[PDB]
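In structure tokens, the next block holds one chain alone, the form deposited in one PDB entry.
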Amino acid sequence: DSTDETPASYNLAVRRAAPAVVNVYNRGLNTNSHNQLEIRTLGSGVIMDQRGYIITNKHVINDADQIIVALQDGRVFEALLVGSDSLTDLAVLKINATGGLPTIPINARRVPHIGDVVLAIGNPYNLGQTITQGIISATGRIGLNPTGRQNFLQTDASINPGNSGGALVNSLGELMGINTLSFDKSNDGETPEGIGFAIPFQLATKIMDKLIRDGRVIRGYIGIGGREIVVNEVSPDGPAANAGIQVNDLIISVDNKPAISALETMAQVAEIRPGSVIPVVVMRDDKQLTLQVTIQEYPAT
């Protein structure tokens, strides 16, 4: 009846990770504003390292006249946009590192498993830093839109406007992903509950590193739209069009490698340097042609 007992809590994870999560404010001038800054959009962000590099969603900082970053300790900074990527919806920011900066716990060897308890840290409706608890519902999700599929962590930890760019961590405080999207589509006009998506941490890291080194993310472009693999379409003046590639041809192997899954192959296509040459096997009228083509970098978006 009396308690020296310890209540079940995830405070440990909170104390470890929360300080690294910051409030991100996208300030824009308005024709209305008449020279006064107003909040276009607000969200969250994660301090990745001591240098002051911060991850956040791109849609949070788009078309921002000024970007303000607020720490939980009260410190406020004017953020500097290092770079952004529309494809992953990621953006990196830089701030003054004078004095101590909290960093989000990161474990590269850690493997996120379905059923793991996770906490979502962010600033919903600008109420202040909010912590919601859930689990990892699924991994490798393509998101709301099938087209242009990209990996996602699905969690039932409550996610709302302002949570974007914020952190998703486990009970140990380790970063699991960056909260990005919430499912809104309704089959019967009902409201979807407990379905939110986050960019896996490993991917976030790789994209950050690339954005820190270069102003942008660089990928290989081949100018082809297809389905598991035939060529559904050919981009005008594309590397494919330049190679004289023709629509309606199946593709067996590319870069001395098999091509059963378009997703795997396209990912591999983006890894290589722009301008490089590589073999491509295609079967037209049952002929194993081997056209040679020069790659170009992915068109800016």
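The first residue of the sequence shown is number 1, and the count goes up from there.
Note whether residue 188 lacks coordinates in a third or more of the other compared entries that model its flanking residues.
Residue status for residue 188: gap in at least one third of the other entries.
Residue gap status of residue 292, at least a third of other entries:
No, none of the compared structures omit it.
Pick one of none, 1 to 3, 4 to 9 or 10 or more for the number of deposited-sequence residues not modelled between residue 184 and residue 185.
Nothing is missing.
Between 86 to 94 and 131 to 139, name whichever shows the higher mean Cα B factor according to the PDB entry.
Per the PDB record, 86 to 94.
Higher average CA B factor in the deposited record is what I'm after, so tell me if that's 34 to 42 or 49 to 57.
Mean CA B-factor is higher for 34 to 42.
By the CA temperature factor listed in this entry, which of these ranks top: 68, 262, 64, 269?
Comparing C-alpha B-factors across 68, 262, 64, 269, the maximum falls on 262.
Between 20, 13, 278, 24, which carries the biggest CA temperature factor in the record?
Answer, based on the entry's C-alpha B-factors: 278.
Give the position of residue 123 by CA B-factor within its chain, expressed as the lowest, middle or highest third.
CA B-factor rank for residue 123: lowest third.
Can you tell me whether residue 199 has a C-alpha B-factor in the lowest, middle or highest third compared with the other modelled residues of the same chain?
Within its chain, residue 199 is a lowest-third residue by C-alpha B-factor, going by the deposited values.
Sorting the chain's CA B-factors, does residue 222 end up in the lowest, middle or highest third?
It falls in the top third of the chain.
Third assignment of residue 230 from its chain's C-alpha B-factors:
Tercile = highest for this residue's CA B-factor.
If you rank every modelled residue in this chain by C-alpha B factor, which third holds residue 147: lowest, middle or highest?
Residue 147: CA B-factor falls in the highest third of its chain.
This protein has a second form, the form deposited in another entry, left out of what is shown; the following refers to that one.
Among 78, 75, 41, 217, which sits at the hinge where the C-alphas switch from fitting one rigid part better to fitting the other, between the shown form and the other one?
Looking at the options, the one at the hinge is 217.
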